[PDB]
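For reference, the structure discussed in these notes is given below.
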Amino acid sequence: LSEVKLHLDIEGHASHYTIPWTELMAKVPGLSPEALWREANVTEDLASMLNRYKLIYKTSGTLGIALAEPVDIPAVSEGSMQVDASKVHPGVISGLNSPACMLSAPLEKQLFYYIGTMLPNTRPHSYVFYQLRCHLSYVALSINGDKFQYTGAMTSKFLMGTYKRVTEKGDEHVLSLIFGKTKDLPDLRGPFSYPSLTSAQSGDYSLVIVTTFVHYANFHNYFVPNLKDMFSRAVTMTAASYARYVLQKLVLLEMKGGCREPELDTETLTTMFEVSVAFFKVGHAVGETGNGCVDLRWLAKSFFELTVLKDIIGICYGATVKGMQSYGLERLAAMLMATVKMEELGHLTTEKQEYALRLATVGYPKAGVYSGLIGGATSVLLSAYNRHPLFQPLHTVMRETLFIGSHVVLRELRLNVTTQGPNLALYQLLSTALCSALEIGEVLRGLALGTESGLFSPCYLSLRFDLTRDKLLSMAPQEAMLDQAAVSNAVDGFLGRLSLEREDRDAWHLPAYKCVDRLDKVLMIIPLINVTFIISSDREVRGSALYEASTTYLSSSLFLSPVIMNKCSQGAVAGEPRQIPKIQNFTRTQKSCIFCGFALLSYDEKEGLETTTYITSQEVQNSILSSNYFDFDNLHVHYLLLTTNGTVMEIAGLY
Amino acid sequence: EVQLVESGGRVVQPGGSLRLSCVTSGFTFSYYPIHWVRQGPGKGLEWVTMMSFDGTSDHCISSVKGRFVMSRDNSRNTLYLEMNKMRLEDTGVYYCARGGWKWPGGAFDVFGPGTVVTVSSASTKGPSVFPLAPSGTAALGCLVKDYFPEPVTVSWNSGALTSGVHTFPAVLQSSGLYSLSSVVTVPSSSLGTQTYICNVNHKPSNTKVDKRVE
Amino acid sequence: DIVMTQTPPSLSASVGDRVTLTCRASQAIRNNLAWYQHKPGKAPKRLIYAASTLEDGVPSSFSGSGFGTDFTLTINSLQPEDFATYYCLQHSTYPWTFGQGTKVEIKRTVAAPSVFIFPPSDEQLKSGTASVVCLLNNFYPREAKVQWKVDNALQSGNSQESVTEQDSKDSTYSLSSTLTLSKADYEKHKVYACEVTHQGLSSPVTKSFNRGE
Amino acid sequence: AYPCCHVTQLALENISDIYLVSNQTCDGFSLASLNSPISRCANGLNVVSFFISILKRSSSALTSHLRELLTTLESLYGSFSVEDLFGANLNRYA
């Protein structure tokens with residue numbers, strides 16, 4: 001509440017400057033140079049000042065050679081509707097074909113709405129930082145009974161993840177990682193100098209490590225990051241691909257024995273910070289572009305990944321994301337999902353299907369407002385299934401396409417409310433048909449090598465429960481070149497993804513599920529239209545009839561109970577089950593869809609079920625008969641036809 | 001914060017050439033395209049031209065099409081504007097603003113300070129100063145006629161007379177010379193006793209003249 | 001070429017009024033119009049961006065609305081620093097075009113101009129040119145009409161008017177109408193009159209001199 | 001005497017002028033004098049960073065005079081070596 005002049009010696013020049021507080025204190029609302037003057041112990045003797053500086057860990061391994069920023073957000077498509085996050089006006093975007101984008105100025109306002117203290121006055125930070133309060137977002141977790149915490153606080157400018165450990169006593173060990181553009185780094189308080197704390201500096205970006213010499217030693221026991229590699233991934237990776245990179249590590253850790261009782265190792269703590277970078281790179285990219293507009297196709301891509309990453313972080317750790325979602329983008333995406341034919345979504349482009357399904361997840365999160373979005377994801381699966389050579393391992397084009405559409409379906413299975421079962425059941429049936437022998441075969445090879453097929457397979461959501469440890473081992477890649485402990489690792493992890501109980505993303509939604517006495521003995525369910533079949537080794541299934549294949553005196557049993565119109569029976573029908581009629585009076589080529597709406601089961605007597613097929617169209621049925629699918633010369637293999645009639649039939653020969 | 005500074009202001013003969021410079025600091029220069037807007041004397045703002053992000057494409061309004069060429073050096077952070085066949089209508093104050101922001105779709109944020117552009121050939125010339133003689137109150141003044149170019153500093157009694165002074169905006173006569181008048185109202189009872197002196201300074205000719213009014 | 005048509009061209013209101021500016025497009029510009037406040041001498045500042053988005057550092061009294069054809073800038077409560085001239089801007093299809101702009105004068109009660117007239121000075125006449133100066137001092141509103149009558153002949157196209165900005169203390173305008181003649185034509189005539197028409201006058205009053213009195 | 005004073009741990013409002021030493025004036029020490037328009041001794045490095053953070057927080061202090069002070073303060077702040085505060089004699093003055 002005054003004005004002050006500042007005189008000093010510049011190598012022989014008696015320069016003086018006059019700093020006005022009457023101007024600046026009113027001009028910039030956040031400034032109150034009284035608290036700043038207090039925050040520097042301006043009377044602190046050089047002794048105690050020297051005492052404060054020595055305590056902070058300084059960077060020995062301090063370098064990092066230049067990296068190039070990936071160009072992440074794309075230039076506006078000519079004549080897009082540059083559109084307001086706060087004011088999402090009806091019919092402003094016309095279709096998916098319409099170029100569209102949300103302008104970055106208020107989108108930044110809606111991501112970093114939350115406000116709080118970025119640099120605390122907690123012990124390690126108040127020694128080094130002029131305390132700051134900024135608009136921020138944070139990713140936060142707490143584990144080991146709240147005695148190990150991580151907090152990824154970030155602005156549109158820089159991110160500080162900070163680790164905190166408790167030693168079973170009152171002692172707290174604290175270590176923080178500060179990442180951002182070098183110029184945007186916060187204000188240093190004491191005699192401190194940024195290079196001393198900079199572990200990596202490339203072009204415009206930096207990575208700073210802040211901790212006590214006491215504490216860096218206490219973390220060095222279990223946490224030695226490859227600071228070099230983290231910095232390159234945070235810099236050179238596009239914000240959407242970075243969020244997938246982290247998403248890979250979590251899911252390939254989750255089904256494994258990693259995050260049920262987390263291990264406080266280098267890798268997991270490395271990932272915790274990399275989660276914070278994933279959200280921050282998206283917020284940083286939007287904020288740093290200036291007063292422009294972010295292409296919606298980019299936004300749908302990048303905010304799909306964060307939304308999946310938000311889910312998987314909720315399930316591994318008791319973790320929260322606070323301040324990286326704009327309701328404006330969610331209404332914009334939701335309004336564009338009234339544009340398009342959800343029934344005919346699969347008819348469109350590779351590019352358009354992904355962009356649509358991304359908007360569908362982003363539009364209504366907390367799935368279950370307008371439940372027609374499921375039918376859109378189902379349409380992609382169906383249109384993929386027919387053009388996809390059945391039973392084959394889906395190539396990375398189709399698999400990535402279907403993973404995006406799988407998330408909409410996955411959040412409906414979370415609900416207790418059915419939300420229009422019909423589309424939902426058709427998705428699981430098509431997933432079940434796609435879970436074939438080599439679909440599993442390529443996935444397990446993909447989990448032995450950690451490759452892209454490790455994240456997702458339609459089998460995860462299928463109606464297939466004959467899957468256990470022993471069954472997978474028979475279908476694995478046979479190669480001696482592969483580590484058959486990583487093969488054993490793959491079998492363990494795969495079965496951890498589709499444990500029928502304590503997963504909630506396999507079952508408890510069907511109408512025909514009520515007709516089972518013992519649910520653990522059910523191997524598979526085929527929900528057709530007008531009928532659903534219960535394939536189980538359970539004799540007491542309250543269905544319309546009971547078939548028992550000639551299984552063997554090896555496998556417990558093999559029963560097929562058809563349920564007519566998903567209305568059960570009073571009690572399981574008693575007496576001998578029906579024999580499976582054998583059929584040879586059936587010609588191999590058909591020019592009509594005589595098998596439309598039917599199911600085709602392939603089972604080995606000793607192993608169990610091998611493949612399921614849903615005859616959905618003419619090109620599906622002609623793909624079955626014309627191919628080498630029917631091999632009766634193997635007597636160990638039979639072919640079951642499950643009809644909408646409610647009948648079970650075996651195929652023994654063709655002309 | 002975000003500063004745009006434009007420097008190439010001058011005086012040009014009609015039809016001649018001038019080169020404008022727009023020095024932009026405080027942001028990533030290459031990730032932005034630029035726009036030019038001019039305000040003529042006593043006229044509204046007019047969009048003139050846009051410099052594209054790449055700089056290869058230059059799109060101008062119909063009046064200046066084919067006469068204006070924009071070149072931007074990303075390393076220099078400066079956008080250069082080359083103007084050819086300058087017209088009398090082109091005279092005004094030119095502003096540059098950044099528009100496109102990860103670039104194609106454009107719009108202006110705050111501009112720079114602008115630079116003065118005067119397309120009038122005529123001549124360096126100091127003004128002629130004529131008294132304007134009065135006839136319970138009356139008023140007197142000072143006619144500052146036929147100078148070029150603006151501005152002219154006017155004060156009364158060397159700044160000791162402040163009340164009721166009105167120094168008008170200059171008008172650009174058809175001759176090409178600016179003409180301006182400065183007047184002041186005085187209580188009529190002061191007419192013989194207080195001395196009224198007119199102080200005219202034309203810096204662009206280095207002529208300073210005093211004028212007694214009676 | 002899209003034509004942007006702001007109404008009004010000028011407008012007056014006191015401190016704290018609700019001021020509404022309109023601006024219409026010749027075609028649909030769908031949501032790509034902006035507003036800019038330009039104080040004279042200084043730089044223009046953008047106020048609103050997408051016809052809707054109030055942009056940072058601008059007090060919230062300003063609001064904008066409209067789609068396609070009709071757009072609006074409304075300053076909810078006029079403040080003294082909002083005396084300015086405001087322009088709308090379409091960026092839909094370039095060449096981009098402004099409106100003619102709306103200047104927002106700040107209001108005053110009606111007051112008549114104190115009109116004086118000055119013959120050509122003796123000093124000027126010695127050099128062979130004659131300038132007749134008519135003064136309109138401290139009136140409101142801005143709009144006024146000054147025609148010259150030389151020997152009752154309504155003179156055309158040898159007069160130029162110059163208007164002060166609203167004075168900072170009394171909010172009044174002032175006007176200099178300078179009548180130019182060769183000394184040859186000034187000695188051939190004997191009556192020189194200045195006739196001011198103003199809203200604040202009961203009827204246009206004519207100030208006049210016969211040559212050399 | 002002693003333009004290079006000695007610091008030991010009055011507030012900002014009652015302060016008017018502040019003087020800073022050169023990087024060779026006090027053998028590496030960053031020392032300052034705070035006074036009222038009566039000189040007290042201040043930690044130079046703490047003081048310099050304060051103003052630097054004040055100017056950094058004021059990105060809207062777009063004066064060519066003020067924004068030149070900030071960039072001159074920053075080069076000044078880096079010229080001092082706290083790292084050279086070895087077993088250097090800490091009580092050379094006062």
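How things are named: the first chain in the structure tokens is A, the next is B, and so on; residues count from 1 in each chain; ligands count from 1 in the order shown.
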
Would you please give, as number ranges by chain, all residues of chain D that DSSP assigns to helix (DSSP H, G or I) based on the backbone? D: 44-57, 66-79

Would you mind listing what lies within 6 Å of segment 14-29 of chain B as a VMD selection string, with only C-alpha atoms counted and same-chain residues fewer than 2 positions away left out? chain B and resid 1 to 8 31 to 32 77 to 87 119

Please report as a list in words which residues of chain B come no farther than 6 Å from chain C, using only C-alpha atoms.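 Here they are: residues 44, 47, 61, 109, 110, 113 and 168 of chain B.
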
Please determine the contact residues of chain A with respect to chain B at a cut-off of 6 Å, counting only C-alpha atoms, and supply them as a ChimeraX atom specification. /A:75-76,292

Give me, as a PyMOL selection string, the residues of chain D touching chain B, with the criterion being at most 12 Å (counting only C-alpha atoms). chain D and resi 55-64+67

Do you know which residues are at most 6 Å from residue 44 of chain D counting only C-alpha atoms, after dropping those on the same chain fewer than 4 positions away, and could you put them as a list in words?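 Surrounding residues, per the criterion: residues 30, 31, 32 and 48 of chain D.
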
Those same residues - C-alpha atoms - I'd like them written as a PDB file, in the first residue's frame.
ATOM      1  CA  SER D  30      24.233 -10.749  -2.072  1.00  0.00           C
ATOM      2  CA  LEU D  31      23.349  -8.057   0.460  1.00  0.00           C
ATOM      3  CA  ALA D  32      20.802  -5.252   0.445  1.00  0.00           C
ATOM      4  CA  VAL D  48      15.994 -10.090  -5.381  1.00  0.00           C
TER       5      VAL D  48
END
